[PDB]
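All values below come from the heavy atoms of this structure, side chains included, with hydrogens, waters and symmetry mates left out. Throughout, protein chains are lettered first and strands after them, A, B, ... in sequence-line order, and every chain is numbered starting at 1. Just so you know, ligand 1 is whichever comes first in the structure, and atom 1 is the first atom listed for that ligand.
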Amino acid sequence: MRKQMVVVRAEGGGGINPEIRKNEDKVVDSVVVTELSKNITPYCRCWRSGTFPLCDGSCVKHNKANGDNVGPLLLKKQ
Amino acid sequence: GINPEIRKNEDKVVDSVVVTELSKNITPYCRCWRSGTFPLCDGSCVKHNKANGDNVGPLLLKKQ
Ligand code: FES
Ligand code: FES
């Protein structure tokens with residue numbers, strides 16, 4: 001959408017992940033659950049985190065800008 | 001927007017998993033907000049990806 005080479009990604013389209021790992025056929029991440037170190041580890045469901053697949057709070061910025069309500073998955077040891 | 005309809009009465013939709021409670025060897029959790037079994041993945045991602053030229057997929061929680 002909007003070619004200047006540079007493609008400006010204007011508007012919407014149907015997608016939800018404009019930027020992350022676009023070279024991958026399908027972005028899947030795996031967690032072997034015994035590898036968790038903290039009691040609670042938040043995982044990103046918004047495709048905006050700078051530490052994706054972890055949540056860095058970018059969801060907060062996305063929600064306010066877009067009138068959305070997404071948030072992370074909390075993996076808990078206990 | 002990312003989430004069309006899930007739990008709009010919540011200003012921020014968060015789910016928790018106590019990993020010792022998982023039953024399947026690999027349990028897929030939805031990151032696309034299209035699953036009919038959200039927060040689980042039911043493969044709606046695949047249809048979404050095809051329809052919208054996207055490449056999103058689940059988080060897989062594995063025992064081994
Ligand atoms: S940064 Fe994506 S869910 Fe928090
Ligand atoms: S149904 Fe949403 S990630 Fe598979």
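Take a cut-off of 2.8 Å around atom 2 (Fe) of ligand 2: the protein N, O or S atoms inside it are B/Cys30 SG, B/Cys32 SG.
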For residues 49-64 of chain B, run the donor-acceptor check on the side chains, cut-off 3.5 Å, and write out each pair with its distance to 0.1 Å, sequence neighbours left out.
from, atom 1, to, atom 2, distance (Å)
B/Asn49, OD1, B/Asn55, N, 3.2
B/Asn49, OD1, B/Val56, N, 3.0
B/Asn49, ND2, B/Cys45, O, 3.4
B/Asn49, ND2, B/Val56, O, 2.8
B/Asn52, ND2, B/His48, O, 3.2
B/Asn52, ND2, B/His48, ND1, 3.3
B/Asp54, OD1, A/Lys22, NZ, 3.2
B/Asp54, OD2, A/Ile16, N, 2.8
B/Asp54, OD2, B/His48, NE2, 2.8
B/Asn55, OD1, A/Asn17, ND2, 3.1
B/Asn55, OD1, A/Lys22, NZ, 2.8
B/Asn55, ND2, A/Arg21, O, 2.9
B/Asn55, ND2, A/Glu24, O, 3.0
B/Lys63, NZ, B/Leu22, O, 2.8

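Here the closest non-hydrogen pair linking A/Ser49 and A/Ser58 is CA-OG, 3.9 Å. Here the closest non-hydrogen pair linking A/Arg45 and B/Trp33 is O-NE1, 2.8 Å.
Checked against ring-ring contact (aromatic ring centres under 6.0 Å, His included), A/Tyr43 has no partners two or more places apart in sequence or in another chain. Applying the side chain to side chain donor-acceptor pair (under 3.5 Å) test to B/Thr27 and every residue at least two apart in sequence or in another chain returns nothing.
At most 12 heavy atoms of other shown residues, nucleotides or ligands fall within 6.0 angstrom of atom NZ in B/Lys47.
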